Amino acid sequence: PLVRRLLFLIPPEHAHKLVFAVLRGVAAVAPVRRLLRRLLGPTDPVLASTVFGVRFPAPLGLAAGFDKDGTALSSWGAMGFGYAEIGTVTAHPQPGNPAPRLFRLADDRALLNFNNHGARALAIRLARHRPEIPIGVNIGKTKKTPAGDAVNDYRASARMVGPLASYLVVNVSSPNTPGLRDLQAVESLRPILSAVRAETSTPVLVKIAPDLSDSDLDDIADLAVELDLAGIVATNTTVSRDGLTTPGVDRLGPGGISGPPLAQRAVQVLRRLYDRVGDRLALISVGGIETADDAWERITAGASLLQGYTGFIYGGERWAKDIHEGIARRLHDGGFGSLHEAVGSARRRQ
Ligand SMILES: Cc1cc2nc3c(=O)[nH]c(=O)nc-3n(C[C@H](O)[C@H](O)[C@H](O)COP(=O)(O)O)c2cc1C
């Protein structure tokens with residue numbers, strides 16, 4: 001915790017920049033990457049499962065926004081995530097929202113927030129990279145392109161990164177781009193989603209926001225099954241400021257808070273979505289996952305996969321592994337043989 005004590009004082013973005021640099025250098029030396037693997041490598045083989053036609057050695061993965069440009073792909077294997085998702089990328093390179101774009105909320109252990117180098121820089125990294133783990137791609141609309149031209153942006157990006165990806169995630173959820181959450185409306189989403197599905201064979205997913213009405217989510221789920229999409233990703237950062245326990249929230253201004261406050265919504269969303277389109281499509285639960293018992297409530301609610309961002313900043317290097325072994329324990333304690341078996345156990349027994 002002393003490193004965190006040293007690290008929390010410097011601005012969160014600048015601290016991330018340094019942490020980012022350090023992990024990029026660890027991927028440079030192959031043996032130390034192997035050695036960090038050789039320090040916490042045994043992943044219980046039961047945890048491995050195959051979802052939407054791609055298999056995953058473990059269910060826990062890194063949520064988009066950490067490596068947006070795909071510079072430290074190799075580093076993440078040693079950290080012990082099952083799968084990786086490169087941060088949200090827009091076809092044409094976009095400067096992110098100007099500073100200060102990131103704030104800390106210590107007491108709730110939450111943070112508030114599409115800077116990217118484009119599909120070009122990513123494809124170059126994907127043209128000379130040996131994937132230790134399955135890597136995913138999160139696609140987004142460039143801020144400059146209007147709503148009419150947006151469908152072409154989402155399409156144009158999909159072809160560039162599509163073949164070199166394990167799965168595609170469509171980001172219509174993150175609040176930090178104006179008039180993007182509105183695209184989540186079904187009639188606008190169908191042109192976007194249908195176009196991407198045709199352009200690449202790799203499975204495609206859509207990322208929903210947690211601040212949407214219950215009726216809306218049931219309509220978006222009906223779109224996905226028709227479009228035969230792989231999965232639904234729930235949830236992105238929420239705009240609501242309710243429940244926070246770190247002072248001076250009001251001033252900080254626009255953004256999406258992420259972490260433990262979001263958890264209660266992400267579970268509810270996961271509960272609803274799994275009952276409706278559980279069998280037809282996969283579900284990945286993201287947002288506010290920090291402990292093994294928290295992750296266990298997600299897996300038993302039908303989350304085939306789990307990604308999280310906030311946990312890593314506060315948890316540390318062990319955090320990835322302790323979740324896995326914690327889940328692995330529950331699987332042995334439940335008499336389960338693999339991961340798919342335990343998925344949706346809390347729901348089926350109902
Ligand atoms: C500070 C921050 C910024 C993020 N930015 C993005 C983003 O721009 N695009 C995206 O697709 N996901 C982004 N994410 C990931 C999502 O927030 C994540 O899927 C989820 O909503 C929150 O995960 P967590 O609560 O486990 O940290 C970001 C996460 C954090 C913490």
# chains A, B, ... in the order shown; residues from 1 in each chain; ligands from 1
$ residues_around --residues "stretch 125-132 of chain A" --least-positions-apart "3" --cutoff "7 Å" --atoms "only C-alpha atoms" --output "PyMOL selection string"
chain A and resi 70+77+121-122+164
$ residues_near_ligand --ligand "ligand 1" --cutoff "7 Å" --atoms "only C-alpha atoms and all ligand atoms" --output "PDB file with N, CA, C and O atoms, in the first residue's frame"
ATOM      1  N   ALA A  63     -10.975  -4.245 -18.615  1.00  0.00           N
ATOM      2  CA  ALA A  63     -11.961  -3.450 -19.331  1.00  0.00           C
ATOM      3  C   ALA A  63     -11.257  -2.382 -20.155  1.00  0.00           C
ATOM      4  O   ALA A  63     -10.170  -1.923 -19.800  1.00  0.00           O
ATOM      5  N   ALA A  64     -11.919  -1.955 -21.228  1.00  0.00           N
ATOM      6  CA  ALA A  64     -11.330  -0.977 -22.120  1.00  0.00           C
ATOM      7  C   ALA A  64     -11.061   0.334 -21.386  1.00  0.00           C
ATOM      8  O   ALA A  64     -11.680   0.631 -20.370  1.00  0.00           O
ATOM      9  N   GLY A  65     -10.109   1.108 -21.911  1.00  0.00           N
ATOM     10  CA  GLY A  65      -9.745   2.383 -21.321  1.00  0.00           C
ATOM     11  C   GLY A  65      -8.358   2.372 -20.681  1.00  0.00           C
ATOM     12  O   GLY A  65      -7.825   3.444 -20.405  1.00  0.00           O
ATOM     13  N   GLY A  87      -8.682  -0.643 -25.655  1.00  0.00           N
ATOM     14  CA  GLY A  87      -9.569   0.469 -25.374  1.00  0.00           C
ATOM     15  C   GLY A  87     -10.344   0.906 -26.611  1.00  0.00           C
ATOM     16  O   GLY A  87     -10.026   0.517 -27.734  1.00  0.00           O
ATOM     17  N   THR A  88     -11.365   1.735 -26.396  1.00  0.00           N
ATOM     18  CA  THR A  88     -12.267   2.074 -27.479  1.00  0.00           C
ATOM     19  C   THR A  88     -11.505   2.879 -28.526  1.00  0.00           C
ATOM     20  O   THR A  88     -10.831   3.855 -28.200  1.00  0.00           O
ATOM     21  N   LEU A 102      -9.820  13.088 -15.552  1.00  0.00           N
ATOM     22  CA  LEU A 102      -9.924  11.974 -14.618  1.00  0.00           C
ATOM     23  C   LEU A 102      -9.815  12.520 -13.197  1.00  0.00           C
ATOM     24  O   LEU A 102      -8.969  13.366 -12.916  1.00  0.00           O
ATOM     25  N   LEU A 111     -13.940   6.116  -9.547  1.00  0.00           N
ATOM     26  CA  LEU A 111     -13.308   7.115 -10.393  1.00  0.00           C
ATOM     27  C   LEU A 111     -14.327   7.668 -11.385  1.00  0.00           C
ATOM     28  O   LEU A 111     -15.283   6.989 -11.741  1.00  0.00           O
ATOM     29  N   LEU A 112     -14.072   8.899 -11.850  1.00  0.00           N
ATOM     30  CA  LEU A 112     -14.909   9.583 -12.826  1.00  0.00           C
ATOM     31  C   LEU A 112     -14.060   9.980 -14.030  1.00  0.00           C
ATOM     32  O   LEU A 112     -12.945  10.463 -13.877  1.00  0.00           O
ATOM     33  N   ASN A 113     -14.610   9.789 -15.229  1.00  0.00           N
ATOM     34  CA  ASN A 113     -13.906  10.085 -16.466  1.00  0.00           C
ATOM     35  C   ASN A 113     -14.648  11.209 -17.207  1.00  0.00           C
ATOM     36  O   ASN A 113     -14.252  11.547 -18.342  1.00  0.00           O
ATOM     37  N   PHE A 114     -12.747   9.861 -25.623  1.00  0.00           N
ATOM     38  CA  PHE A 114     -12.223   8.700 -26.396  1.00  0.00           C
ATOM     39  C   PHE A 114     -10.914   9.066 -27.085  1.00  0.00           C
ATOM     40  O   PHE A 114     -10.826   9.063 -28.309  1.00  0.00           O
ATOM     41  N   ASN A 138     -12.652  -2.843 -28.921  1.00  0.00           N
ATOM     42  CA  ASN A 138     -13.806  -2.005 -28.650  1.00  0.00           C
ATOM     43  C   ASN A 138     -13.814  -0.868 -29.669  1.00  0.00           C
ATOM     44  O   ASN A 138     -12.860  -0.096 -29.731  1.00  0.00           O
ATOM     45  N   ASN A 171     -19.248   0.357 -28.918  1.00  0.00           N
ATOM     46  CA  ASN A 171     -19.390   1.241 -27.775  1.00  0.00           C
ATOM     47  C   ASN A 171     -20.348   2.367 -28.143  1.00  0.00           C
ATOM     48  O   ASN A 171     -19.976   3.298 -28.857  1.00  0.00           O
ATOM     49  N   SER A 174     -20.577   4.981 -23.525  1.00  0.00           N
ATOM     50  CA  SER A 174     -19.750   5.855 -22.700  1.00  0.00           C
ATOM     51  C   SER A 174     -20.255   7.290 -22.821  1.00  0.00           C
ATOM     52  O   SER A 174     -20.417   7.793 -23.925  1.00  0.00           O
ATOM     53  N   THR A 235     -21.725  -3.206 -17.522  1.00  0.00           N
ATOM     54  CA  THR A 235     -22.188  -1.948 -18.087  1.00  0.00           C
ATOM     55  C   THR A 235     -21.023  -0.970 -18.219  1.00  0.00           C
ATOM     56  O   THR A 235     -19.943  -1.214 -17.700  1.00  0.00           O
ATOM     57  N   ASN A 236     -21.269   0.156 -18.892  1.00  0.00           N
ATOM     58  CA  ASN A 236     -20.287   1.219 -19.000  1.00  0.00           C
ATOM     59  C   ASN A 236     -20.413   2.146 -17.788  1.00  0.00           C
ATOM     60  O   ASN A 236     -21.157   1.860 -16.853  1.00  0.00           O
ATOM     61  N   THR A 237     -19.660   3.255 -17.786  1.00  0.00           N
ATOM     62  CA  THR A 237     -19.707   4.220 -16.700  1.00  0.00           C
ATOM     63  C   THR A 237     -21.084   4.880 -16.659  1.00  0.00           C
ATOM     64  O   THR A 237     -21.665   5.188 -17.700  1.00  0.00           O
ATOM     65  N   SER A 258     -17.319   5.259 -12.001  1.00  0.00           N
ATOM     66  CA  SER A 258     -17.115   3.833 -12.175  1.00  0.00           C
ATOM     67  C   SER A 258     -16.637   3.226 -10.865  1.00  0.00           C
ATOM     68  O   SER A 258     -15.971   3.885 -10.081  1.00  0.00           O
ATOM     69  N   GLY A 259     -16.983   1.963 -10.637  1.00  0.00           N
ATOM     70  CA  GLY A 259     -16.517   1.251  -9.462  1.00  0.00           C
ATOM     71  C   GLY A 259     -17.657   0.703  -8.605  1.00  0.00           C
ATOM     72  O   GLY A 259     -18.727   0.343  -9.109  1.00  0.00           O
ATOM     73  N   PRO A 260     -17.432   0.587  -7.276  1.00  0.00           N
ATOM     74  CA  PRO A 260     -18.389  -0.052  -6.370  1.00  0.00           C
ATOM     75  C   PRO A 260     -19.802   0.523  -6.405  1.00  0.00           C
ATOM     76  O   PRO A 260     -20.757  -0.246  -6.324  1.00  0.00           O
ATOM     77  N   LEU A 262     -21.406   1.549  -8.993  1.00  0.00           N
ATOM     78  CA  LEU A 262     -22.013   1.056 -10.222  1.00  0.00           C
ATOM     79  C   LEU A 262     -22.469  -0.397 -10.075  1.00  0.00           C
ATOM     80  O   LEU A 262     -23.339  -0.834 -10.832  1.00  0.00           O
ATOM     81  N   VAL A 286     -19.433  -6.231 -16.661  1.00  0.00           N
ATOM     82  CA  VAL A 286     -18.326  -5.323 -16.435  1.00  0.00           C
ATOM     83  C   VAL A 286     -18.828  -4.161 -15.586  1.00  0.00           C
ATOM     84  O   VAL A 286     -19.973  -3.739 -15.714  1.00  0.00           O
ATOM     85  N   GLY A 287     -17.940  -3.629 -14.738  1.00  0.00           N
ATOM     86  CA  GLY A 287     -18.263  -2.494 -13.892  1.00  0.00           C
ATOM     87  C   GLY A 287     -18.430  -2.920 -12.440  1.00  0.00           C
ATOM     88  O   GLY A 287     -19.309  -3.720 -12.121  1.00  0.00           O
ATOM     89  N   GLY A 288     -17.560  -2.387 -11.577  1.00  0.00           N
ATOM     90  CA  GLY A 288     -17.669  -2.563 -10.137  1.00  0.00           C
ATOM     91  C   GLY A 288     -17.460  -4.007  -9.685  1.00  0.00           C
ATOM     92  O   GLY A 288     -18.249  -4.523  -8.892  1.00  0.00           O
ATOM     93  N   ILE A 289     -16.392  -4.640 -10.185  1.00  0.00           N
ATOM     94  CA  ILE A 289     -16.002  -5.953  -9.701  1.00  0.00           C
ATOM     95  C   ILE A 289     -14.661  -5.811  -8.986  1.00  0.00           C
ATOM     96  O   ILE A 289     -13.694  -5.368  -9.604  1.00  0.00           O
ATOM     97  N   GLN A 307     -15.065  -8.407 -16.869  1.00  0.00           N
ATOM     98  CA  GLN A 307     -13.998  -7.434 -17.008  1.00  0.00           C
ATOM     99  C   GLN A 307     -14.203  -6.331 -15.978  1.00  0.00           C
ATOM    100  O   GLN A 307     -15.309  -6.076 -15.535  1.00  0.00           O
ATOM    101  N   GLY A 308     -13.114  -5.669 -15.604  1.00  0.00           N
ATOM    102  CA  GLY A 308     -13.181  -4.568 -14.658  1.00  0.00           C
ATOM    103  C   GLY A 308     -11.968  -3.658 -14.817  1.00  0.00           C
ATOM    104  O   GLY A 308     -10.904  -4.107 -15.227  1.00  0.00           O
ATOM    105  N   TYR A 309     -12.139  -2.376 -14.488  1.00  0.00           N
ATOM    106  CA  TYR A 309     -11.062  -1.403 -14.562  1.00  0.00           C
ATOM    107  C   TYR A 309     -10.653  -0.954 -13.159  1.00  0.00           C
ATOM    108  O   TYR A 309      -9.470  -0.955 -12.818  1.00  0.00           O
ATOM    109  N   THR A 310     -11.635  -0.544 -12.347  1.00  0.00           N
ATOM    110  CA  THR A 310     -11.354   0.147 -11.100  1.00  0.00           C
ATOM    111  C   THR A 310     -10.543  -0.751 -10.171  1.00  0.00           C
ATOM    112  O   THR A 310      -9.625  -0.276  -9.501  1.00  0.00           O
ATOM    113  N   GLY A 311     -10.909  -2.038 -10.116  1.00  0.00           N
ATOM    114  CA  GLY A 311     -10.295  -2.987  -9.199  1.00  0.00           C
ATOM    115  C   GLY A 311      -8.769  -2.984  -9.258  1.00  0.00           C
ATOM    116  O   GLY A 311      -8.102  -3.059  -8.228  1.00  0.00           O
TER     117      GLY A 311
END
$ residues_around --residues "stretch 146-157 of chain A" --least-positions-apart "4" --cutoff "9 Å" --atoms "only C-alpha atoms" --output "list in words"
residues 89, 90, 91, 92, 118, 119, 139, 140, 141, 142, 161, 162, 170, 179, 180, 183, 188, 189, 191, 192, 193, 195, 196 and 199 of chain A
$ residues_around --residues "residue A:51" --least-positions-apart "2" --cutoff "9 Å" --atoms "only C-alpha atoms" --output "PyMOL selection string"
chain A and resi 49+53-56+230+282+304-305+340
$ select_by_dssp --residues "stretch 25-251 of chain A" --states "strand (DSSP E or B)" --output "NGL selection string"
:A and (49-51 or 54-56 or 60-62 or 83-90 or 103-105 or 110-112 or 135-140 or 167-171 or 204-207 or 231-234 or 238)
$ residues_around --residues "residue A:281" --least-positions-apart "4" --cutoff "7 Å" --atoms "only C-alpha atoms" --output "list in words"
residues 225, 229, 230, 231 and 277 of chain A
$ select_by_dssp --residues "stretch 208-302 of chain A" --states "helix (DSSP H, G or I)" --output "count of residues only"
44
$ residues_around --residues "residue A:43" --least-positions-apart "2" --cutoff "8 Å" --atoms "only C-alpha atoms" --output "ChimeraX atom specification"
/A:41,45,47,58,324-325
$ write_last_selection --atoms "C-alpha atoms" --output "PDB file, in the first residue's frame"
ATOM      1  CA  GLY A  41       1.283 -18.986 -13.187  1.00  0.00           C
ATOM      2  CA  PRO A  45      -7.554 -25.582 -15.394  1.00  0.00           C
ATOM      3  CA  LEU A  47     -11.633 -21.928 -14.897  1.00  0.00           C
ATOM      4  CA  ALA A  58      -9.972 -17.450 -17.315  1.00  0.00           C
ATOM      5  CA  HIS A 324      -9.380 -16.573 -10.100  1.00  0.00           C
ATOM      6  CA  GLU A 325      -8.384 -18.801  -7.177  1.00  0.00           C
TER       7      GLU A 325
END
$ closest_residue --among "A:338, A:169, A:221, A:20" --to "residue A:84" --atoms "only C-alpha atoms"
A:169
$ atom_distance --atom1 "atom CA of residue A:1" --atom2 "atom CA of residue A:66"
20.9 Å
$ residues_around --residues "residue A:133" --least-positions-apart "3" --cutoff "12 Å" --atoms "only C-alpha atoms" --output "list in words"
residues 48, 54, 55, 56, 57, 58, 59, 60, 61, 62, 73, 74, 75, 76, 77, 78, 79, 80, 81, 82, 83, 84, 85, 129, 130, 136, 165 and 166 of chain A
$ write_last_selection --atoms "N, CA and C atoms" --output "short mmCIF file (atom, residue, chain, number, x, y, z; two decimals), in the first residue's frame"
data_model
loop_
_atom_site.label_atom_id
_atom_site.label_comp_id
_atom_site.auth_asym_id
_atom_site.auth_seq_id
_atom_site.Cartn_x
_atom_site.Cartn_y
_atom_site.Cartn_z
N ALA A 48 -11.04 -22.42 -17.23
CA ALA A 48 -11.10 -22.22 -18.67
C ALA A 48 -12.47 -22.59 -19.22
N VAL A 54 -15.08 -18.35 -29.09
CA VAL A 54 -13.71 -18.07 -28.68
C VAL A 54 -13.56 -18.56 -27.24
N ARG A 55 -12.47 -19.27 -26.96
CA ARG A 55 -12.25 -19.81 -25.62
C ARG A 55 -11.41 -18.85 -24.79
N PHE A 56 -11.58 -18.95 -23.47
CA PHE A 56 -10.95 -18.04 -22.53
C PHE A 56 -10.34 -18.88 -21.41
N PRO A 57 -9.01 -18.83 -21.20
CA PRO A 57 -8.40 -19.57 -20.10
C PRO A 57 -8.92 -19.16 -18.71
N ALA A 58 -9.43 -17.93 -18.58
CA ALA A 58 -9.97 -17.45 -17.32
C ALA A 58 -11.09 -16.45 -17.60
N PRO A 59 -12.01 -16.21 -16.64
CA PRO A 59 -13.14 -15.32 -16.89
C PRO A 59 -12.86 -13.84 -16.64
N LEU A 60 -11.80 -13.52 -15.88
CA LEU A 60 -11.55 -12.14 -15.52
C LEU A 60 -10.65 -11.49 -16.57
N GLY A 61 -11.01 -10.27 -16.99
CA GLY A 61 -10.27 -9.56 -18.02
C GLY A 61 -10.24 -8.06 -17.77
N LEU A 62 -9.41 -7.35 -18.55
CA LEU A 62 -9.22 -5.92 -18.38
C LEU A 62 -10.24 -5.18 -19.23
N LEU A 73 0.13 -5.03 -25.13
CA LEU A 73 -0.68 -6.22 -25.26
C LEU A 73 -0.02 -7.41 -24.57
N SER A 74 1.31 -7.51 -24.71
CA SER A 74 2.06 -8.66 -24.22
C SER A 74 2.13 -8.67 -22.69
N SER A 75 2.06 -7.48 -22.07
CA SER A 75 2.26 -7.35 -20.63
C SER A 75 1.14 -8.02 -19.83
N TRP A 76 -0.06 -8.06 -20.41
CA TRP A 76 -1.25 -8.42 -19.66
C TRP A 76 -1.33 -9.92 -19.35
N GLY A 77 -0.67 -10.75 -20.16
CA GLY A 77 -0.61 -12.18 -19.88
C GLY A 77 0.05 -12.48 -18.53
N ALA A 78 1.13 -11.75 -18.22
CA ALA A 78 1.87 -11.97 -16.99
C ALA A 78 1.05 -11.49 -15.79
N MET A 79 0.18 -10.49 -15.99
CA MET A 79 -0.64 -9.98 -14.89
C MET A 79 -1.75 -10.96 -14.53
N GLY A 80 -2.12 -11.86 -15.45
CA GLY A 80 -2.99 -12.98 -15.12
C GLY A 80 -4.45 -12.76 -15.49
N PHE A 81 -4.74 -11.81 -16.39
CA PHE A 81 -6.10 -11.70 -16.90
C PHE A 81 -6.34 -12.82 -17.91
N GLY A 82 -7.56 -13.38 -17.89
CA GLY A 82 -7.98 -14.38 -18.85
C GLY A 82 -8.03 -13.84 -20.28
N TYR A 83 -8.66 -12.67 -20.44
CA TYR A 83 -8.78 -12.04 -21.75
C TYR A 83 -8.47 -10.55 -21.65
N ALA A 84 -8.19 -9.96 -22.81
CA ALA A 84 -7.89 -8.54 -22.91
C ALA A 84 -8.83 -7.89 -23.91
N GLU A 85 -9.12 -6.62 -23.66
CA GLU A 85 -9.90 -5.79 -24.56
C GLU A 85 -9.15 -4.47 -24.74
N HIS A 129 2.45 -9.41 -33.33
CA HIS A 129 2.15 -9.71 -31.95
C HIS A 129 1.73 -11.17 -31.89
N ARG A 130 2.32 -11.93 -30.96
CA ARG A 130 1.88 -13.29 -30.69
C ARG A 130 0.94 -13.25 -29.49
N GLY A 136 -9.51 -8.51 -27.42
CA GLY A 136 -10.74 -7.97 -27.96
C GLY A 136 -10.56 -6.53 -28.40
N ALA A 165 -8.77 -9.49 -34.65
CA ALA A 165 -9.35 -9.49 -33.31
C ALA A 165 -10.00 -10.85 -33.01
N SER A 166 -10.16 -11.12 -31.71
CA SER A 166 -10.91 -12.27 -31.24
C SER A 166 -12.39 -11.94 -31.14
#
$ atom_distance --atom1 "atom CA of residue A:217" --atom2 "atom CA of residue A:144"
27.4 Å
$ closest_atom_pairs --of "stretch 70-126 of chain A" --to "stretch 247-257 of chain A" --cutoff "12 Å" --atoms "only C-alpha atoms" --output "tab-separated table"
residue	atom	partner	partner_atom	distance
A:97	CA	A:255	CA	10.4
A:99	CA	A:252	CA	11.6
A:100	CA	A:252	CA	9.1
A:101	CA	A:255	CA	8.1
A:102	CA	A:255	CA	8.5
A:103	CA	A:252	CA	7.4
A:104	CA	A:257	CA	9.6
A:105	CA	A:247	CA	7.8
A:106	CA	A:247	CA	9.1
A:107	CA	A:247	CA	8.6
A:108	CA	A:247	CA	10.0
A:109	CA	A:257	CA	10.3
A:110	CA	A:257	CA	6.6
A:111	CA	A:257	CA	5.4
A:112	CA	A:257	CA	4.2
A:113	CA	A:255	CA	4.9
$ write_last_selection --atoms "C-alpha atoms" --output "PDB file, in the first residue's frame"
ATOM      1  CA  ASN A  97     -11.574  15.368 -23.868  1.00  0.00           C
ATOM      2  CA  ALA A  99      -7.773  18.055 -18.936  1.00  0.00           C
ATOM      3  CA  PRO A 100      -8.650  17.469 -16.209  1.00  0.00           C
ATOM      4  CA  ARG A 101     -10.389  14.365 -17.587  1.00  0.00           C
ATOM      5  CA  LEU A 102      -9.924  11.974 -14.618  1.00  0.00           C
ATOM      6  CA  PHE A 103     -10.721  12.441 -10.925  1.00  0.00           C
ATOM      7  CA  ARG A 104     -10.372  10.264  -7.818  1.00  0.00           C
ATOM      8  CA  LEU A 105     -13.101   9.375  -5.320  1.00  0.00           C
ATOM      9  CA  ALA A 106     -11.210   7.608  -2.570  1.00  0.00           C
ATOM     10  CA  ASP A 107     -13.849   6.683  -0.006  1.00  0.00           C
ATOM     11  CA  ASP A 108     -16.202   4.941  -2.439  1.00  0.00           C
ATOM     12  CA  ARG A 109     -13.089   3.625  -4.262  1.00  0.00           C
ATOM     13  CA  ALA A 110     -14.583   5.017  -7.476  1.00  0.00           C
ATOM     14  CA  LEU A 111     -13.308   7.115 -10.393  1.00  0.00           C
ATOM     15  CA  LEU A 112     -14.909   9.583 -12.826  1.00  0.00           C
ATOM     16  CA  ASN A 113     -13.906  10.085 -16.466  1.00  0.00           C
TER      17      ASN A 113
END
